[PDB]
file my_file-v4.cif (mmCIF, C-alpha atoms)
data_input
loop_
_atom_site.group_PDB
_atom_site.id
_atom_site.type_symbol
_atom_site.label_atom_id
_atom_site.label_comp_id
_atom_site.auth_asym_id
_atom_site.auth_seq_id
_atom_site.Cartn_x
_atom_site.Cartn_y
_atom_site.Cartn_z
ATOM 1 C CA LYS A 1 17.857 -8.431 21.304
ATOM 2 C CA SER A 2 16.336 -11.880 20.677
ATOM 3 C CA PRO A 3 13.027 -10.402 19.323
ATOM 4 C CA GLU A 4 14.977 -8.207 16.873
ATOM 5 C CA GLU A 5 17.505 -10.878 15.854
ATOM 6 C CA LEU A 6 14.787 -13.525 15.411
ATOM 7 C CA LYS A 7 12.554 -11.070 13.490
ATOM 8 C CA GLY A 8 15.351 -9.704 11.257
ATOM 9 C CA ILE A 9 16.215 -13.248 10.133
ATOM 10 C CA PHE A 10 12.516 -14.246 10.102
ATOM 11 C CA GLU A 11 11.575 -11.592 7.523
ATOM 12 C CA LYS A 12 14.292 -12.841 5.142
ATOM 13 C CA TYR A 13 13.419 -16.530 5.589
ATOM 14 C CA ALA A 14 9.616 -15.906 5.566
ATOM 15 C CA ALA A 15 10.031 -14.068 2.234
ATOM 16 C CA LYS A 16 10.835 -17.541 0.773
ATOM 17 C CA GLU A 17 7.365 -18.576 1.982
ATOM 18 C CA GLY A 18 5.914 -15.417 0.323
ATOM 19 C CA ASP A 19 4.203 -13.912 3.384
ATOM 20 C CA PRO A 20 6.937 -12.233 5.533
ATOM 21 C CA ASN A 21 4.770 -12.904 8.641
ATOM 22 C CA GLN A 22 4.724 -16.706 8.074
ATOM 23 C CA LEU A 23 7.622 -19.165 8.419
ATOM 24 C CA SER A 24 7.669 -22.968 8.899
ATOM 25 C CA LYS A 25 9.528 -25.425 11.197
ATOM 26 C CA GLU A 26 12.187 -26.231 8.556
ATOM 27 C CA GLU A 27 13.364 -22.600 8.486
ATOM 28 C CA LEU A 28 12.335 -21.968 12.113
ATOM 29 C CA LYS A 29 14.920 -24.450 13.408
ATOM 30 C CA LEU A 30 17.698 -22.744 11.391
ATOM 31 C CA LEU A 31 16.507 -19.351 12.598
ATOM 32 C CA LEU A 32 16.406 -20.470 16.257
ATOM 33 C CA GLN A 33 19.786 -22.211 16.087
ATOM 34 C CA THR A 34 21.266 -18.952 14.665
ATOM 35 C CA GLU A 35 20.780 -17.289 18.099
ATOM 36 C CA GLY A 36 23.267 -19.957 19.340
ATOM 37 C CA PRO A 37 26.239 -18.569 17.321
ATOM 38 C CA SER A 38 24.848 -15.022 17.697
ATOM 39 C CA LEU A 39 23.983 -14.724 21.434
ATOM 40 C CA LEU A 40 24.161 -18.336 22.791
ATOM 41 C CA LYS A 41 20.395 -17.997 22.886
ATOM 42 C CA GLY A 42 19.187 -20.420 20.182
ATOM 43 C CA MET A 43 19.412 -24.186 20.577
ATOM 44 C CA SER A 44 17.870 -24.768 24.005
ATOM 45 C CA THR A 45 14.291 -24.282 25.328
ATOM 46 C CA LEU A 46 13.201 -22.710 22.037
ATOM 47 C CA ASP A 47 14.293 -25.570 19.759
ATOM 48 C CA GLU A 48 13.286 -28.231 22.318
ATOM 49 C CA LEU A 49 9.670 -27.035 22.477
ATOM 50 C CA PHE A 50 9.664 -26.356 18.724
ATOM 51 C CA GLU A 51 10.772 -29.976 18.168
ATOM 52 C CA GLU A 52 7.817 -31.080 20.334
ATOM 53 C CA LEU A 53 5.541 -28.853 18.187
ATOM 54 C CA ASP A 54 7.221 -30.383 15.078
ATOM 55 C CA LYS A 55 6.468 -33.903 16.399
ATOM 56 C CA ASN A 56 2.846 -32.851 17.076
ATOM 57 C CA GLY A 57 3.078 -31.502 13.524
ATOM 58 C CA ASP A 58 2.346 -27.754 13.746
ATOM 59 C CA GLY A 59 4.550 -27.174 10.671
ATOM 60 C CA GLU A 60 3.591 -23.571 9.863
ATOM 61 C CA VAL A 61 4.429 -20.764 12.338
ATOM 62 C CA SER A 62 3.526 -17.040 12.257
ATOM 63 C CA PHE A 63 6.075 -14.576 13.750
ATOM 64 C CA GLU A 64 3.703 -13.537 16.559
ATOM 65 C CA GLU A 65 2.762 -17.107 17.615
ATOM 66 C CA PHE A 66 6.434 -18.144 17.287
ATOM 67 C CA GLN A 67 7.727 -15.213 19.380
ATOM 68 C CA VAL A 68 5.149 -15.546 22.169
ATOM 69 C CA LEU A 69 5.568 -19.346 22.325
ATOM 70 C CA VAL A 70 9.389 -19.292 22.561
ATOM 71 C CA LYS A 71 9.606 -16.576 25.239
ATOM 72 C CA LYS A 72 6.623 -17.934 27.231
ATOM 73 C CA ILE A 73 8.021 -21.491 27.361
ATOM 74 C CA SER A 74 11.484 -20.129 28.254
ATOM 75 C CA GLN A 75 10.431 -17.804 31.089
#

call {"tool": "encode", "arguments": {"input": "my_file-v4.cif", "output": "structure tokens"}}
result
Amino acid sequence: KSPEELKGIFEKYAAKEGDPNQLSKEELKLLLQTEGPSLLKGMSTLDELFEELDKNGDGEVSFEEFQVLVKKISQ
């Protein structure tokens, strides 16, 4: 579920940033939060750690990196 939902949205958002594999924090947050309304699986661990990464200032996030990070920090 979450992989597919995240990815499906990610492709569309990432298209704005040209490379469908690459998204950034700004969109990332929206994309994560979406799993809230969708599956009640957005605005928790995922966004919390991504806010930390935002404060560190990662900014740019590839799908793969994103995906592995969110599930690894959650589990």

call {"tool": "resolve_selection", "arguments": {"input": "my_file-v4.cif", "expression": "the PyMOL selection byres ((chain A and resi 60-63) around 12)", "output": "PyMOL selection string"}}
result
chain A and resi 3-4+6-11+13-14+17+19-29+31+50+53-54+56-59+64-70

call {"tool": "resolve_selection", "arguments": {"input": "my_file-v4.cif", "expression": "the PyMOL selection byres ((chain A and resi 46) around 9)", "output": "ChimeraX atom specification"}}
result
/A:29,32-33,41-45,47-51,69-71,73-74

call {"tool": "closest_residue", "arguments": {"input": "my_file-v4.cif", "among": "A:52, A:35, A:30, A:75", "to": "residue A:5", "atoms": "only C-alpha atoms"}}
result
A:35

call {"tool": "build_atoms", "arguments": {"input": "my_file-v4.cif", "residues": "stretch 39-63 of chain A", "atoms": "N, CA and C atoms", "output": "mmCIF file, keeping the file's coordinate frame"}}
result
data_model
loop_
_atom_site.group_PDB
_atom_site.id
_atom_site.type_symbol
_atom_site.label_atom_id
_atom_site.label_comp_id
_atom_site.auth_asym_id
_atom_site.auth_seq_id
_atom_site.Cartn_x
_atom_site.Cartn_y
_atom_site.Cartn_z
ATOM 1 N N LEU A 39 24.179 -15.178 20.056
ATOM 2 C CA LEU A 39 23.983 -14.724 21.434
ATOM 3 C C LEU A 39 24.010 -15.878 22.448
ATOM 4 N N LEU A 40 24.265 -17.112 22.002
ATOM 5 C CA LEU A 40 24.161 -18.336 22.791
ATOM 6 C C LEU A 40 22.760 -18.432 23.376
ATOM 7 N N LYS A 41 21.779 -18.188 22.505
ATOM 8 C CA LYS A 41 20.395 -17.997 22.886
ATOM 9 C C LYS A 41 19.461 -18.654 21.868
ATOM 10 N N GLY A 42 19.937 -19.715 21.209
ATOM 11 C CA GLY A 42 19.187 -20.420 20.182
ATOM 12 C C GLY A 42 18.800 -21.823 20.629
ATOM 13 N N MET A 43 19.714 -22.774 20.428
ATOM 14 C CA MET A 43 19.412 -24.186 20.577
ATOM 15 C C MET A 43 19.332 -24.620 22.040
ATOM 16 N N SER A 44 18.232 -24.254 22.696
ATOM 17 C CA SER A 44 17.870 -24.768 24.005
ATOM 18 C C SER A 44 16.345 -24.888 24.076
ATOM 19 N N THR A 45 15.719 -24.214 25.044
ATOM 20 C CA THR A 45 14.291 -24.282 25.328
ATOM 21 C C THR A 45 13.496 -24.142 24.032
ATOM 22 N N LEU A 46 13.821 -23.079 23.296
ATOM 23 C CA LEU A 46 13.201 -22.710 22.037
ATOM 24 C C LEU A 46 13.116 -23.920 21.104
ATOM 25 N N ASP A 47 14.268 -24.462 20.698
ATOM 26 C CA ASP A 47 14.293 -25.570 19.759
ATOM 27 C C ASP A 47 13.655 -26.804 20.379
ATOM 28 N N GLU A 48 13.867 -27.059 21.672
ATOM 29 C CA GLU A 48 13.286 -28.231 22.318
ATOM 30 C C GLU A 48 11.762 -28.216 22.161
ATOM 31 N N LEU A 49 11.116 -27.129 22.584
ATOM 32 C CA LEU A 49 9.670 -27.035 22.477
ATOM 33 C C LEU A 49 9.249 -27.030 21.008
ATOM 34 N N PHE A 50 9.988 -26.333 20.143
ATOM 35 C CA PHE A 50 9.664 -26.356 18.724
ATOM 36 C C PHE A 50 9.802 -27.746 18.102
ATOM 37 N N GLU A 51 10.715 -28.586 18.584
ATOM 38 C CA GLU A 51 10.772 -29.976 18.168
ATOM 39 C C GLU A 51 9.517 -30.710 18.638
ATOM 40 N N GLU A 52 9.082 -30.506 19.884
ATOM 41 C CA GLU A 52 7.817 -31.080 20.334
ATOM 42 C C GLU A 52 6.672 -30.657 19.400
ATOM 43 N N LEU A 53 6.552 -29.359 19.113
ATOM 44 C CA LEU A 53 5.541 -28.853 18.187
ATOM 45 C C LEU A 53 5.699 -29.471 16.788
ATOM 46 N N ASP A 54 6.936 -29.680 16.328
ATOM 47 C CA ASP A 54 7.221 -30.383 15.078
ATOM 48 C C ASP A 54 6.719 -31.828 15.109
ATOM 49 N N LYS A 55 6.924 -32.529 16.225
ATOM 50 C CA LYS A 55 6.468 -33.903 16.399
ATOM 51 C C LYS A 55 4.940 -33.960 16.444
ATOM 52 N N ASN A 56 4.304 -32.995 17.118
ATOM 53 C CA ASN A 56 2.846 -32.851 17.076
ATOM 54 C C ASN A 56 2.408 -32.580 15.639
ATOM 55 N N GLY A 57 3.180 -31.742 14.949
ATOM 56 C CA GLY A 57 3.078 -31.502 13.524
ATOM 57 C C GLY A 57 2.440 -30.151 13.221
ATOM 58 N N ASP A 58 2.841 -29.112 13.962
ATOM 59 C CA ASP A 58 2.346 -27.754 13.746
ATOM 60 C C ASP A 58 2.738 -27.245 12.352
ATOM 61 N N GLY A 59 4.019 -27.379 12.009
ATOM 62 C CA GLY A 59 4.550 -27.174 10.671
ATOM 63 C C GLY A 59 4.741 -25.697 10.354
ATOM 64 N N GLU A 60 3.633 -24.969 10.277
ATOM 65 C CA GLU A 60 3.591 -23.571 9.863
ATOM 66 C C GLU A 60 3.526 -22.689 11.106
ATOM 67 N N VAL A 61 4.331 -21.621 11.164
ATOM 68 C CA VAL A 61 4.429 -20.764 12.338
ATOM 69 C C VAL A 61 4.503 -19.281 11.946
ATOM 70 N N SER A 62 3.522 -18.490 12.385
ATOM 71 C CA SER A 62 3.526 -17.040 12.257
ATOM 72 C C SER A 62 4.536 -16.420 13.230
ATOM 73 N N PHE A 63 5.112 -15.262 12.888
ATOM 74 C CA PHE A 63 6.075 -14.576 13.750
ATOM 75 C C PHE A 63 5.529 -14.385 15.165
#
